[PDB]
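Close look at the chain arrangement
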Amino acid sequence: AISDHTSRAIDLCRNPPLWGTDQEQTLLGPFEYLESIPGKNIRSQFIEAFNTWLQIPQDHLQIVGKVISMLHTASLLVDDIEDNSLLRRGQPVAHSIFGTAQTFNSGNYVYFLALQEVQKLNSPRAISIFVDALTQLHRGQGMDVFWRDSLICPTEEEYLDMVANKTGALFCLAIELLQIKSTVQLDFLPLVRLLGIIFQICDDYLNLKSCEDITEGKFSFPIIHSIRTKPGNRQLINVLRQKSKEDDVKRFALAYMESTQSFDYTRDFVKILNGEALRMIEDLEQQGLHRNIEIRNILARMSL
Amino acid sequence: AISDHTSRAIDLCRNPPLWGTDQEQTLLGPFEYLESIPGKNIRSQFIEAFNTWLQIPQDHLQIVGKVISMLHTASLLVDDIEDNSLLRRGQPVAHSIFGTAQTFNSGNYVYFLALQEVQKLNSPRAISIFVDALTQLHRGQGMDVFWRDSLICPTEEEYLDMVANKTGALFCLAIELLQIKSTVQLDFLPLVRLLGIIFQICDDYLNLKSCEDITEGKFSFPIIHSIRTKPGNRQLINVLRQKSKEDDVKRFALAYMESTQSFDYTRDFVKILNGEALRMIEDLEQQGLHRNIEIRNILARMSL
Amino acid sequence: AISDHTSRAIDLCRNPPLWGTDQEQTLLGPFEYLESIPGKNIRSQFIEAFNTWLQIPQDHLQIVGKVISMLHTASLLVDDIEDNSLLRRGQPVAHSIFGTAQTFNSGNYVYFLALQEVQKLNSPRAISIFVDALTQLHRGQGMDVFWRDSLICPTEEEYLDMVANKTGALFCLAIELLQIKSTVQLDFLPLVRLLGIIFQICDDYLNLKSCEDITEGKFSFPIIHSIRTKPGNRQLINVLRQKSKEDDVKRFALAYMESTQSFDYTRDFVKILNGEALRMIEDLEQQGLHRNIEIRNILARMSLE
Amino acid sequence: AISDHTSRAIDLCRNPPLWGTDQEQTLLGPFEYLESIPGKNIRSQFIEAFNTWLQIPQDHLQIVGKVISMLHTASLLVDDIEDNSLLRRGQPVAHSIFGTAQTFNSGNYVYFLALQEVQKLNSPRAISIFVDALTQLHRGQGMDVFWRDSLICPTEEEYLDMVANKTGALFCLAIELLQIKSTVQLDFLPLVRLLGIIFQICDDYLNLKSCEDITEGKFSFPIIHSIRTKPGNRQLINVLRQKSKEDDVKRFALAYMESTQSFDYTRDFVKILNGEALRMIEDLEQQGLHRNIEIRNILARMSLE
Amino acid sequence: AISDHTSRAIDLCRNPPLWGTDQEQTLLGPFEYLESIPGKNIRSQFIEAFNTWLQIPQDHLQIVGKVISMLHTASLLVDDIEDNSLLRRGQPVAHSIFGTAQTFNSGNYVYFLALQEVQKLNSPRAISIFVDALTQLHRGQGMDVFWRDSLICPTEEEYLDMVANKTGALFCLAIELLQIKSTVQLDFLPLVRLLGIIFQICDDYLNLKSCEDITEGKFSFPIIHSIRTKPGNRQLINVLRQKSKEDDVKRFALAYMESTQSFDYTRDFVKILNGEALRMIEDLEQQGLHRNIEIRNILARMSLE
Amino acid sequence: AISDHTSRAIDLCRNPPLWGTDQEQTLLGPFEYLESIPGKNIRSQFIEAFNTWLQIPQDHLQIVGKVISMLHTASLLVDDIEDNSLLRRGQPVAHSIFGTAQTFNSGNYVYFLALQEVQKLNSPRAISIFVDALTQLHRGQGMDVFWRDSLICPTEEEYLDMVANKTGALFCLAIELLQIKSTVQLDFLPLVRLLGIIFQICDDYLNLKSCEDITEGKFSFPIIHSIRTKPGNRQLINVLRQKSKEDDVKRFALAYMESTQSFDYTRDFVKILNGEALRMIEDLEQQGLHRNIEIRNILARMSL
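The PDB entry annotates chain A as Copalyl diphosphate synthase of Penicillium fellutanum ATCC 48694. Per the PDB record, the entry is named "Cryo-EM structure of the unliganded hexameric prenyltransferase in bifunctional copalyl diphosphate synthase from Penicillium fellutanum with an open conformation".

Under the PDB entry, the name given to chain C is Copalyl diphosphate synthase, and the source organism is Penicillium fellutanum ATCC 48694.

Okay, structure coming up:
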């Protein structure tokens, strides 16, 4: 009896087995669960906005879109595990059904599957950009969680660097992966970085004053400004550390934020940055590129 | 002074900052904490033993050892936080001091730093092997977590394929990385897979009999044999489900496993596998290599 | 002194004492607590509906009703302890007030008091039926607990067999206890078994739609259908394993069940079973019995339309 | 699809299935686990000792022994669940492996299996005795649990009545089941009641001084004496209420009980009871029976001197 | 090295050091925490109301008010830690931030500081009243804790005597301290005792029906009445023993108390006591005192109608 | 019905009831338990030593002894509650049987009963000294607890004055309450203070040469000296913050204490103090008091 078992073990050692579809369906549970929920789909619009300038074939666009979607969904899974959230897109979080271990494993597995997808493009530069983007994203996530846990308020420059590490990396990688097969070889990166900063700043106001950040202890842009500009009071720190859900705490925080006139400061920053972005877009058009209605639509569609 | 700020932000957008040491130091906290504690360090012996046949320079050996050490330590962090452990190498786990999210981020960051290090060898084959090994490791870890959480006892074959995915991948990657700059191009992979299987089985035996697997609900070789030898008895599986810390339950589990004669089965299994490994070694030496005392020493060191 | 105490003990050994009323009132605490809360009382209507066909005297009817009520309440106590519930009939459970040991003891004591009450009828058949019914009830409860604890989804046939063991036994015992003193000696067992299955399926459906089963991790008819209809998807099985008390998880589970079309399956099942039950009722009446409005009313009260 | 399922359900309603061995093995897990552990088995010797006087065939003896063993093991399971114990016979309790619900269901199922086994003897007297014994056992267990939970110290007479209900019922049932087929129709009940009282008192003494009762907050014979002899001191009762696992508290409790001189009281009590039991035995032998060495050996084994 | 240190030690022995403020502020942490939070301040109204009949100077009034405030706050700290409370005056308890030993020490230190402040009035009678009042308070607190821990329901008379010791002592001491310098030398003590009893009963009523007493297992007036009127029912006692935090158990307890009709009993009790207090007030005014609006106001404020 | 109960309540208000013995036996229960265990009764010998000079009647001596015994036992109860101890005089602590609330109430009740006993002496001075001594004791206990729980190491002088507040107060009170009826009227107080400090230092020394202070976190004289010198190596501090009972965690502390040679420090300290105390006894002997060898016997009996 033991001889047959040992022989089978040795034979499998000589000839490794083949991966099956059922096991892959087991390992990709949380990923599919979070992918089934409909979303905003901003990155697809961002990608098709830049294709009027580049004009690459279709299959390359499909591959890039697939890679970006995979990476974004995996990042969402891991980030929700880290921040201890409770809802996402109006539905329960993935680890409220499957657990922490399964969700973490699924996210990492999706990362490496996405890396496997890039190798079929046959370009070392693609591997280089992929690795650098992933390193930047992990740096940004680590700094965000470190600041949240240690209760040390960052300055504006540190927060902007963290945001450029955490959010703009995917946009920059998506734009750089398209330029491989294009005949246009200008430099689009500053525009993409500015757009990422604008997007992140806009989604920190429209989350409070059309408040889960207070409940989760987030350090957002208006919160940082309010903390820094008036160090004479220590009520916002205590409110953030309490992690309360009652409406009284949220109302108090909203009243204190309104008192210090932070919202107008955010509005002015966004309006100056938007003007600079429009100037950047205009400057690129005289280098030999046609007008871009879609990029202006994307820029104007969000504003404070 | 909005225009003093906006200018700084736009300047950083056009010219990105540089990563600092005081930030990499805090992103690598748990990694260095776990690396400080010394361990068995078996992989270094495994690498040095195989170097007799390959005979490669020293810088390559140092690079490969560093990569393997980083991968193993990151895997240890992630596995410890997934399995809900309390001690590691006789000291408290790293995630009881720094937290969960910090350990997660440190592990992933170490993965991608190791990927960056491999890129310096200037070889696409290295990237291919690295990606395949990481995919295999994540597959194995996911299968372990699934079986443990949902309470199904795997068969012997499924457990062996799982163990090959989780454990033998690192050994195979380490051996394949050295062969790039080596002049002998035989096939060592079956031997490495068999050695990995032997290592895992011996570890599973030594953990119980010289009991955290009983407390954590792990499925091991003796536990699988004891459960499947008497399918009409449901005592061991219930003990695994309760997840108890009491010593009486552990003593009862050990007595029950001794009743079904599982440890003898494990010993005979390992003996046959060791005989096959020695025959495999002797087969290679007839193709034009020299006698290797180190591999025989490491093989005979762990006999049950 | 020691002599007086020893003499009293020896005398009590020779002549045992008599049971009192205070101690019985102490031992019957949880039973009276659960009995004081008003309920639906479907079994009384079930007994009164079949009495039209049998036409037995009144005293036998009172005795049988009392026995059935005792057994039902004791089973409810034990079941509520085993399933780890929090509310019954809108009120706290008995073991949230009296503890677990007292409730266990009271339930078993009521079982054996009910067995004592049957003995006064002077019929061995009553003892046989009582023993068989209690054995079946314990078998069903044990299988339910085993499946819930070990996390195995039963097949539809296994679930139906467990339901027949756990729920229909009381109905069968109630109907057979009446036939001892009746001049009608036909066979009513298939009808009562079908009625019990219909009762349980309707209760399972009405628990969720119109969600403590999701919180307790129970395996019901729609949950089994939803789990087995898409074996490659493992969301409902994980939701059951987590034992959540949040509303969003319950809403997600209900939406997922609606995606697989389980409630329609349950409705069609119940419709076909009701048709068969009406056919069975009509063939009995052709054998010499009268028309029964009450059985039709109790059958038509539970229509998932 | 739906038609086949409905037809199968209806057919199983008409023809019920058969119980399998695979499910009886599942339901009888804890019972077999506790049965595998060896024990003293005093009841077998108790049955053998009385058979010298009665001289009944062997098959009846085997049946009675089986029934008594089943009842004893089920009562042990339920008592261990209710007592919050940790070890039995040097091994973990059953509900530390299987849970509480499965153990309770197994105990009740074994009760009803034992009741089924009695029915094959074809005697109404057996059923009567069985029901009375089970009622007495449940009364005793309930009274013990109530006193322990509510922190009321019973008097000596109340404790002795509870002990007679809890322990002596099995001995009485065992002796009376043998007398159905015997030609000796004397009265043995006072002797068996006295023997049960002696058994329980000796066990209570040997548990502490050859201390889980102190950890479980029990009210035993020496504890009752120590509490009642000095009503102005409230140290032992507080120690019982704290439910401590430390050795210092147990040593303090033993020292305090030695200060009260309770163990001597227990020894003198047991000595007088043993003398009365021997007198009772000798009274029976002048009515026509022979000398019984076995009962004298059983009596003399339990001397606290 | 060791010839200087010794010199400093002997120097301190010959001339002791002087107590400093930076340590006194450390020893008075929890006291200032609890004193900063605003309160009802009923005792100030009680003192001001009785001053109309006495007409003493202002400095004495300030001293007496300070003493009473310190005593009340220290008692609040000690009870709060004894009763395992979680909230006080809508804010977290002091011992959840500063620890337990610190609050213990602060309470005792405030007791003895208050004793030191009474020595300034230069009167032995003040010391006598202070010692008697503190002894009475400790007796009452001890009896309350004993009854709560041992699970014994006091009778109405025992509860009333404990309340008189626990609550009325402070009022009696406050009135007797003011009368030292007053020129009116009648007996006001029975009225003060009646007022204290009324205040405690009203607080017990308002705590439940305007429920932490249920969570902590306290025995109050309605709870005692409900337990004692139906001694054969053991639901409220068990609810108290479980020490639950759920809302369902509290709702059930309130419904049970309403079934017994305890709140009407409390209301009638308070009404009759109020009438007697008003008659007592009117009796004193016929001996040569003026009309007192304030005492009538504070008496009519404690009406449960 | 209601009328009878209301009449009884009003009658009780008119004529208050009388205290009973069955209630005193319930509130003075956690105390009579501790009073039964035999002890060293050092204070009785200390009182009897000083009576060879004062020559007072017997009744006053009995009263003073009773008062001191009550105060000491109540202080022991409260101290054991505060410091979270497990044993006292080889027996379980009182609050391991009766709970915390009952023991605290018993201690305070005994304090006030002892105060009631002093009033029978008919002397305002007695009340004054009683109140001052109780205040000093509470100050000392509070300062110790604060230092122990806040983990701030004190210096030598503040520790010494805390000890004078905590321990010497009872000795000073006992001696002062004896001089009321004595014709001899000099100043014995500095001798009493020095004797108290010597007693405390000797007991603290013998505690580690006869062990639970390390487990609890007591700041001994050798521990204070060890932390003062070597203002480096935070191991005795941390050892005193792990509250561990393992032999190992204590096997080290004794070695670390012996490394700095604190034994010689304590021995020299106590020898100098003993010489000073002997000299102080000699000087007082010249004012006309008879030779007294009881005090010298009680000083030499506990001497290093």
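This part is about the relation of the copies chain A and chain B. Relative to chain B, chain A is turned by 180 degrees and slid 0.0 Å along the rotation axis, the superposed coordinates differing by an RMSD of 0.3 Å. Seen this way, the second copy is the image of the first under a two-fold rotation axis. Taken as a fraction of all interface residues of chain A, those also at the interface in chain B reach 95%, which identifies the copy contact as same-surface.

What follows covers helix α12 (residues 221-229) of chain E. One full turn of an α-helix is made of 3.6 residues, so residues set three or four places apart face in the same direction. Residues and elements named next belong to chain E. Buried residues dominate α12, accounting for seven of its nine residues. Along α12, the residues that are buried comprise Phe221, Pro222, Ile223, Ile224, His225, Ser226 and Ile227. On its buried face, α12 is in contact with α8 (156-166), α10 (189-208), α13 (236-242), α14 (247-260) and α15 (262-285).

For the rest of this paragraph, the subject is the interface of chain E and chain D. Taken together, the contact pairs five residues of chain E with five residues of chain D. The junction of chain E with chain D conceals about 490 Å² of combined surface from both sides, 47% of it contributed by carbon and sulfur atoms. Among the residues of chain E in contact with chain D, E:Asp149, E:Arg234 and E:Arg241 are the three that bury the most area, contributing 58% of the side total. At the junction of chain E and chain D, the tally comes to two salt bridges. One salt bridge in this structure joins D:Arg241 and E:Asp149, with 3.9 Å as the shortest N-O distance. At the junction of chain E with chain D, the criterion picks out one residue pair in polar contact. The element best represented in the side of chain E that touches chain D is helix α7 (residues 124-150) of chain E, accounting for three residues. Residues that form the side of chain E that touches chain D fall into these classes: one nonpolar, one polar and three charged.

Take the arrangement of the chains next. Separated in space, chain A and chain F share no contact, their closest pair of C-alpha atoms being 22 Å apart. Here chain C and chain F are not in contact; the least distance found between their C-alpha atoms is 24 Å.

For the rest of this paragraph, the subject is the pattern of salt bridges. Scanning the entire structure with this criterion turns up 77 salt bridges over all chains. Its salt-bridge partner being B:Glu285, residue B:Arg296 comes within 2.5 Å of it at the nearest N-O pair. One end of the pair, B:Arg296, is in helix α16 (residues 293-301); the other, B:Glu285, is in helix α15 (residues 263-285), with eleven residues separating them in the sequence. Both residues of the pair, B:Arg296 and B:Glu285, belong to the buried class. For C:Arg14, the salt bridge is made with D:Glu276, and the minimal N-O distance between the two is 3.4 Å. A residue pair is termed interchain when its members come from two chains, as with C:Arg14 in helix α1 (residues 2-14) and D:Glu276 in helix α15 (residues 263-285). Judged by relative accessible area, C:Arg14 falls into the partly exposed class, the value being 41%. Here D:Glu276 falls in the buried class, since its relative accessible area comes to 13%.

Attention now goes to the domain arrangement of chain A. Residues and elements named next belong to chain A. On domain assignment, one finds that chain A holds domain 1 (25-185) and domain 2 (186-304). Taking the mean C-alpha position of each, domain 1 and domain 2 sit 21 Å from one another. Listed per partner, the contact involves 28 residues of domain 1 and 31 residues of domain 2. Looking only at domain 1, the three residues that lose the most surface to domain 2 are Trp53, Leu151 and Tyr159, adding up to 24% of its buried area. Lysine 218 is paired through a salt bridge with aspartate 144; the nearest N and O atoms lie 3.3 Å apart. Summed over the shared surface of domain 1 and domain 2, the result is ten residue pairs in polar contact.

It is worth spelling out the packing of helix α4 (residues 42-54) of chain D against helix α10 (residues 189-208) of chain D at this point. Two quantities define a packed helix pair, namely the angle between the axes and the distance from one axis to the other. Residue and element names in this part refer to chain D. Direction vectors running N to C along α4 and α10 enclose 155 degrees, while the axes themselves pass 14 Å from each other. Classified by the interaxial angle, the pair formed by α4 and α10 is roughly antiparallel. Pair α4 / α10 crosses with right-handed handedness. Counting all contacts with α4, which are made through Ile42, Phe46 and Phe50, the residues of α10 involved are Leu191, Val192, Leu195 and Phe199.

Time to look at helix α1 (residues 2-14) of chain D. The terminal C-alpha atoms of α1(D) lie 19 Å apart, and with 13 residues this matches the ideal 18 Å at 1.5 Å per residue to within 8%. All of the buried residues in α1(D) are D:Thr6, D:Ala9, D:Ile10 and D:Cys13. Buried positions in α1(D), seen along its axis, are confined to an arc of 95 degrees and lie on one side of it. Tucked into the core, α1(D) has its buried residues touching α8 (156-166), α10 (189-208) and α15 (263-285) of chain C.

For the rest of this paragraph, the subject is the packing of aromatic side chains. Taken as a whole and assessed by the stated rule, the structure comprises 90 aromatic pairs over all chains. Considering the side-chain rings of A:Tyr159 and A:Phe221, the 5.9 Å spacing of their centres and the 20 degrees angle between planes classify their relative orientation as stacked. A relative accessible area of 5% means that A:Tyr159 is categorised as buried. Aromatic pair B:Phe50 and B:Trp53: ring centres 5.6 Å apart, planes at 75 degrees, arrangement edge-to-face. Taken together, the positions of B:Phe50 and B:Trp53, both in helix α4 (residues 42-54) and three residues apart, correspond to about one turn of that helix.

Below, the discussion takes up the domain arrangement of chain C. All names here are of chain C. The domain boundaries assigned to chain C delineate domain 1 (1-182) and domain 2 (186-305). Averaged C-alpha coordinates put domain 1 and domain 2 at centres separated by 25 Å. At the junction of the two partners, domain 1 supplies 29 residues and domain 2 supplies 34 residues. A buried area of about 3,000 Å², summed over both sides, lies between domain 1 and domain 2, and 69% of it is on carbon and sulfur atoms. Inspection of the region where domain 1 meets domain 2 yields two salt bridges. Here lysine 218 and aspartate 144 are joined by a salt bridge, their closest N and O atoms 2.4 Å apart. At the boundary of domain 1 with domain 2, the tally comes to eleven residue pairs in polar contact.

Rules and cut-offs
Residues numbered from 1 in each chain as written, not as in the entry; some residues may be left out. Chains lettered and ligands numbered in written order. Heavy atoms only, no water. Least-squares fit on C-alpha atoms. Contact = heavy atoms within 4.5 Å. Buried < 20%, exposed > 50% of the residue type's maximum accessible area, 1.4 Å probe, protein only. Helix = DSSP H or I, 4+ residues; strand = E, 2+ residues; numbered from the N terminus. Buried area = accessible area lost by both parts, 1.4 Å probe. Salt bridge = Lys/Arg side-chain N within 4 Å of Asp/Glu carboxyl O. Polar contact = N/O pair within 3.5 Å; in protein donor to acceptor, adjacent residues only side chain to side chain. Nonpolar A, V, L, I, M, F, W, Y, C, P; charged D, E, K, R; others polar. Domains from an automatic or database assignment. Axes fitted to C-alpha atoms, helices over the stretch in contact; angles between N-to-C directions. Parallel < 35°, antiparallel > 145°, perpendicular 65-115°, else oblique. Left-handed = near helix turned anticlockwise from the far one by under 90°. Expected span 1.5 Å × (residues − 1). Arc of directions from axis to C-beta. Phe/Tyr/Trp six-rings, centres within 6.5 Å; stacked < 30°, edge-to-face > 60°.

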